[PDB]
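Residue numbers (the entry's author numbering), protein chains in the order written: chain B, 6 to 155; chain A, 6 to 155; chain C, 6 to 155; chain B', 6 to 155; chain A', 6 to 155; chain C', 6 to 155. A prime marks a further copy of an entry chain. See below for the structure under consideration.
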Ligand SMILES: Nc1ncnc2c1ncn2[C@@H]1O[C@H](COP(=O)(O)OP(=O)(O)O)[C@@H](O)[C@H]1O
Ligand SMILES: Nc1ncnc2c1ncn2[C@@H]1O[C@H](COP(=O)(O)OP(=O)(O)O)[C@@H](O)[C@H]1O
Ligand SMILES: Nc1ncnc2c1ncn2[C@@H]1O[C@H](COP(=O)(O)OP(=O)(O)O)[C@@H](O)[C@H]1O
Ligand SMILES: Nc1ncnc2c1ncn2[C@@H]1O[C@H](COP(=O)(O)OP(=O)(O)O)[C@@H](O)[C@H]1O
Ligand SMILES: Nc1ncnc2c1ncn2[C@@H]1O[C@H](COP(=O)(O)OP(=O)(O)O)[C@@H](O)[C@H]1O
Ligand SMILES: Nc1ncnc2c1ncn2[C@@H]1O[C@H](COP(=O)(O)OP(=O)(O)O)[C@@H](O)[C@H]1O
Ligand SMILES: [Mg+2]
Ligand SMILES: [Mg+2]
Ligand SMILES: [Mg+2]
Ligand SMILES: [Mg+2]
Ligand SMILES: [Mg+2]
Ligand SMILES: [Mg+2]
């Protein structure tokens with residue numbers, strides 16, 4: 006159904022490079038509806054619980070360090086199959102392997118400076134949305150373009 | 006040679022969403038030549054003949070109903086391998102499964118609101134071109150940029 | 006009411022340079038609705054009545070021969086103040102003097118190869134629309150984006 | 006100095022039309038730095054104090070009514086001469102009179118559905134920023150592209 | 006005729022900000038032909054000769070220092086009225102006062118970091134072209150799209 | 006270290022169709038740094054050594070005559086994995102089989118008119134770079150966007 010939601014965040018590098026609008030426009034053009042949006046500098050606690058699944062990984066320290074080094078634009082998009090779709094639009098972990106047309110493929114060059122984060126499953130999205138957004142910062146009733154769904 | 010032709014149609018959703026020029030420009034930039042172009046509100050007979058191969062499918066009634074609910078911009082492009090190349094540019098039937106960079110991948114979310122129709126083979130193109138366009142509405146003399154072909 | 010219409014034509018040079026889609030997209034983004042659209046090769050009779058006010062001018066002969074020299078995509082847009090607005094978007098007669106952001110300013114360099122034509126008044130528009138299009142070729146039910154008008 | 010700030014808001018119509026990213030990208034490309042961003046549905050009280058200077062005007066009721074009818078993306082951009090510059094980039098009150106290249110000129114057609122609001126002076130900006138944003142939602146230390154300022 | 010030429014240079018800020026292709030594409034779309042193109046780090050002698058008319062101005066020292074701090078992409082375009090048309094596309098000296106749609110208007114904020122240099126007259130163009138380009142680095146045979154000129 | 010370089014050349018058809026800027030912009034957005042750039046008309050000697058691995062092929066004769074038939078803009082980009090990445094961005098040899106989003110996929114239709122050349126390995130790149138550019142024509146101090154690399 007047309008009510009699935011995913012969490013996306015323009016990372017510090019994406020924000021410093023002036024890519025916020027370009028990224029949001031891709032999702033709007035696709036037809037997803039913005040239900041949550043804000044800019045904040047992540048707190049070390051937010052970053053660690055956000056990337057909690059990687060806590061025992063070698064790159065964890067630098068990641069948390071990086072994500073907390075500058076502003077991040079956090080957003081939640083709503084639509085049919087938005088979690089898997091937003092991932093397809095993002096590309097793969099290494100931007101060098103990401104196909105042109107995707108966000109990482111078009112703008113990235115390094116795994117550690119890969120512009121944007123996207124939830125990889127509905128469980129993660131629900132978990133991540135709850136982590137970054139309060140219920141009052143999310144639109145309750147969404148009304149998409151009527152020409153989008155049958 | 007480079008005289009192959011295909012029939013493409015911006016469906017009512019694509020027209021209402023203001024995507025006609027975006028779609029046309031994609032094919033012009035590729036190097037394909039426009040030999041026919043018109044806007045019309047398809048009739049139920051045209052809709053049913055156009056999609057005759059799906060007349061037994063559960064979605065036919067709704068397809069035909071949607072294709073006739075509003076204006077469509079019908080067009081025919083010419084150039085080498087245009088039938089298969091235009092399909093590649095369109096994406097796949099389900100927009101969510103279409104790669105970023107393709108038309109359906111970039112703009113659609115629902116199978117039923119997938120923006121554009123493109124002939125799936127040369128035999129289909131000939132059938133669909135004859136169905137939507139009268140002979141005199143098609144350019145007889147075509148001239149593609151001279152830097153496109155060897 | 007905001008049902009004003011203007012006639013626009015992408016001239017043979019505009020069509021040859023692959024600017025049809027780009028031009029249509031500018032009017033679609035603006036919010037105007039396409040109510041008639043077709044590609045054809047103008048007849049001398051048509052070109053001569055179209056540019057009737059210019060017969061005593063030295064460029065008339067060249068003008069007519071050029072407009073009848075290849076495909077032209079003809080269209081009629083509808084919307085509040087479309088006539089004057091589409092003119093502002095086109096630029097001025099000399100493309101070199103047209104401001105960057107207008108169609109002629111962005112794409113043209115010569116007065117005789119100035120990409121597009123637009124009616125200059127509602128009187129000229131009604132007259133030109135009836136010249137290029139038969140009544141049944143124009144949409145009767147116009148449904149513009151509901152976010153466009155108050 | 007490079008520390009002036011202005012308040013911009015993508016109005017409900019701009020948000021429903023999928024223009025948020027396109028608008029933010031124009032300001033990022035210009036070099037202004039985003040210091041505040043959020044989406045919210047305005048409260049009738051916020052709207053009235055925001056447009057307080059028009060309280061005795063005929064259109065006031067519909068404006069407040071409209072601004073409160075759907076989500077608005079509120080933002081504050083920082084840079085040298087950003088208040089007057091953002092206005093120039095926005096266009097004039099009536100989008101029909103706005104030049105192509107500006108936001109209203111490119112996307113608008115009606116005075117009441119003019120896509121975006123921008124502070125008209127530094128006094129208004131300071132007043133409006135304070136109205137929509139809490140001090141903790143604004144970046145304190147801004148670091149622009151070093152290639153932007155001498 | 007259409008053999009007029011102008012010298013344009015993407016300054017070090019424009020190069021560092023990744024605006025070279027955007028700038029070149031603007032002139033290619035207009036219909037101007039590239040007859041010379043190179044990237045070089047200007048020498049202090051070149052910088053001072055190029056900007057000789059400003060040698061008494063308080064900002065000369067800093068101008069020359071900036072123009073030599075990094076790579077510049079020097080280029081020459083040919084076409085009818087290219088000198089004045091390219092200036093119009095560039096904007097005015099102060100980017101904040103440049104109209105949206107022009108290069109400086111769209112991308113710059115500081116007079117000292119205004120992205121691009123364009124010759125201000127034919128006499129200046131001839132001087133600057135001879136100063137930055139050796140004869141053999143310029144195309145002798147130029148061929149503009151045949152749909153550009155009457 | 007991430008100082009890998011690749012040689013790219015916009016072929017005469019790419020230059021004639023006005024795609025130089027568009028092509029450069031794709032590599033600039035990606036984060037790669039232009040370290041050499043020039044426009045020239047290739048000499049038969051140069052074209053023949055460039056495409057040396059193809060002398061026994063039936064298309065070699067046509068290939069060489071074409072590359073020496075008009076201006077070519079030559080360039081060298083530097084960045085992490087630039088060689089393989091620029092190839093992914095180019096597409097494949099047959100433009101019709103290149104995926105939408107790649108340069109050849111977006112703009113080409115014929116194998117012999119495929120817009121751009123890119124080195125296929127670091128070995129070929131070092132070899133091609135030394136063929137088209139003298140050492141002093143290439144930047145020595147490379148300062149990429151600091152947000153690009155870890
Ligand atoms: N081996 C690695 N080296 C450096 N940083 C890494 C590595 N793999 C993961 N990262 C970083 O960690 C973030 C979370 O990683 P992961 O969840 O595996 O990928 P994705 O972000 O694509 O979901 C990635 O976006 C990336 O910035
Ligand atoms: N299972 C489905 N549910 C609803 N509509 C469908 C479905 N499959 C196809 N359609 C609609 O039928 C149109 C025709 O289908 P088909 O010819 O299979 O695909 P394509 O349009 O990609 O050639 C589709 O483009 C879509 O609008
Ligand atoms: N001095 C001229 N020389 C050549 N062609 C001209 C001249 N003046 C006008 N034209 C051509 O005649 C067309 C119609 O003229 P006019 O109605 O004056 O301009 P517009 O097209 O801006 O309304 C022009 O668009 C241009 O193609
Ligand atoms: N006469 C009018 N008719 C309808 N609504 C109006 C009128 N003038 C002002 N408005 C609306 O009120 C908002 C605030 O108006 P104003 O401050 O005058 O213009 P601006 O928004 O350009 O600063 C405008 O953006 C517009 O939506
Ligand atoms: N008052 C100023 N302060 C600092 N730099 C200036 C000033 N005026 C001009 N400049 C710098 O000098 C360059 C040359 O100036 P000028 O020839 O007057 O303008 P333009 O570059 O628009 O032709 C400008 O483009 C800008 O970089
Ligand atoms: N079958 C062919 N017919 C015509 N031209 C060809 C053919 N194969 C290759 N070419 C031309 O030769 C150029 C160099 O060939 P190759 O190295 O195989 O491809 P690529 O350019 O993708 O690396 C091609 O880019 C294309 O211009
Ligand atoms: Mg992950
Ligand atoms: Mg089908
Ligand atoms: Mg006229
Ligand atoms: Mg106001
Ligand atoms: Mg000057
Ligand atoms: Mg090769």
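Built from N, CA and C at the ideal position, the CB exists for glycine as well.
Which residues of chain C have a Cβ atom closer than 8 Å to the Cβ of residue i, listed in chain order?
| i | result |
| --- | --- |
| residue 105 of chain A' | 106 |
Rounded to whole angstroms, how far is the Cβ of residue i from the Cβ of residue j, which I believe are closer than 8 Å?
| i | j | result |
| --- | --- | --- |
| residue 44 of chain C' | residue 39 of chain A' | 6 Å |
| residue 19 of chain B' | residue 120 of chain B' | 4 Å |
| residue 59 of chain A' | residue 133 of chain A' | The Cβ separation is near 14 Å, so there is no contact. |
| residue 84 of chain B' | residue 23 of chain B' | Going by Cβ atoms, the distance from residue 84 of chain B' to residue 23 of chain B' rounds to 26 Å, so no, they are not a contact pair. |
| residue 17 of chain C' | residue 77 of chain C' | 6 Å |
| residue 99 of chain C' | residue 116 of chain C' | 5 Å |
| residue 75 of chain A' | residue 21 of chain A' | 7 Å |
| residue 106 of chain C | residue 86 of chain A' | With 8 Å as the limit, residue 106 of chain C and residue 86 of chain A' do not qualify as a contact, their Cβ atoms being about 18 Å apart. |
Examine ligand 8 and report whether any of its heavy atoms sits within less than 7 Å of the Cβ of residue i.
| i | result |
| --- | --- |
| residue 50 of chain C' | no |
For a contact defined as C-beta to C-beta under 8 Å, what are the partners of residue i on chain A'?
| i | result |
| --- | --- |
| residue 86 of chain B' | 101, 114 |
I'd like to confirm something about residue i: is its beta-carbon nearer than 7 Å to some heavy atom of ligand 6, or not?
| i | result |
| --- | --- |
| residue 55 of chain C' | no |
| residue 73 of chain C' | no |
| residue 116 of chain C' | yes |
Shorter than 7 Å, the distance from the beta carbon of residue i to the closest heavy atom of ligand 3, or not?
| i | result |
| --- | --- |
| residue 68 of chain C | yes |
Shorter than 8 Å from the beta carbon of residue i to some beta carbon of chain A?
| i | result |
| --- | --- |
| residue 66 of chain C' | no |
| residue 93 of chain B | yes |
| residue 15 of chain C | no |
| residue 33 of chain C | yes |
By the criterion of Cβ-Cβ separation under 9 Å, what are the contact partners of residue i in chain B'?
| i | result |
| --- | --- |
| residue 83 of chain C | Within chain B', no residue comes near residue 83 of chain C; the closest Cβ sits about 11 Å away, beyond 9 Å. |
What I want to know is whether the C-beta of residue i ends up closer than 7 Å to one or more non-hydrogen atoms of ligand 11.
| i | result |
| --- | --- |
| residue 161 of chain A' | Residue 161 of chain A' falls outside the range modelled here, since chain A' spans only 6 to 155, and no answer is possible. |
Does any CB atom of chain C fall closer than 8 Å to the CB of residue i?
| i | result |
| --- | --- |
| residue 156 of chain A' | As displayed, chain A' neither begins before 6 nor continues past 155, which places residue 156 of chain A' out of reach and without an answer. |
| residue 96 of chain A | no |
| residue 6 of chain A | no |
| residue 136 of chain A | no |
Under 7 Å: does the beta carbon of residue i sit that close to some heavy atom of ligand 1?
| i | result |
| --- | --- |
| residue 11 of chain B | no |
| residue 64 of chain B | yes |
Quick check: is the beta carbon of residue i nearer than 8 Å to any beta carbon in chain A'?
| i | result |
| --- | --- |
| residue 21 of chain C | yes |
Return yes when at least one heavy atom of ligand 12 lies under 7 Å from the C-beta of residue i, else no.
| i | result |
| --- | --- |
| residue 125 of chain C' | yes |
Are the C-beta atoms of residue i and some chain B' residue less than 8 Å apart?
| i | result |
| --- | --- |
| residue 36 of chain A' | no |
| residue 69 of chain B | no |
| residue 90 of chain C | yes |
Any heavy atom of ligand 2 within a distance shorter than 7 Å of the CB on residue i?
| i | result |
| --- | --- |
| residue 119 of chain A | yes |
| residue 59 of chain A | yes |
Run through chain C and tell me which residues come within less than 9 Å of residue i, C-beta to C-beta.
| i | result |
| --- | --- |
| residue 117 of chain B' | 154, 155 |
Let me check you understand the geometry: is the CB of residue i closer than 7 Å to at least one non-hydrogen atom of ligand 4?
| i | result |
| --- | --- |
| residue 138 of chain C' | no |
Identify the contact partners of residue i in chain A', using a Cβ-Cβ distance below 7 Å as the criterion.
| i | result |
| --- | --- |
| residue 30 of chain C' | 26, 27, 30 |
Closer than 8 Å, CB to CB, is residue i near chain C' or not?
| i | result |
| --- | --- |
| residue 78 of chain A' | yes |
Kindly say whether residue i, judged by its beta-carbon, lies nearer than 8 Å to any beta-carbon of chain B.
| i | result |
| --- | --- |
| residue 129 of chain C' | no |
Hey, would you say the C-beta of residue i is under 7 Å away from at least one heavy atom of ligand 5?
| i | result |
| --- | --- |
| residue 122 of chain A' | yes |
Between the region 40-58 of chain A and chain C, which residues of the former have a C-beta closer than 9 Å to a C-beta of the latter? 40, 41, 42, 43, 44, 45, 46
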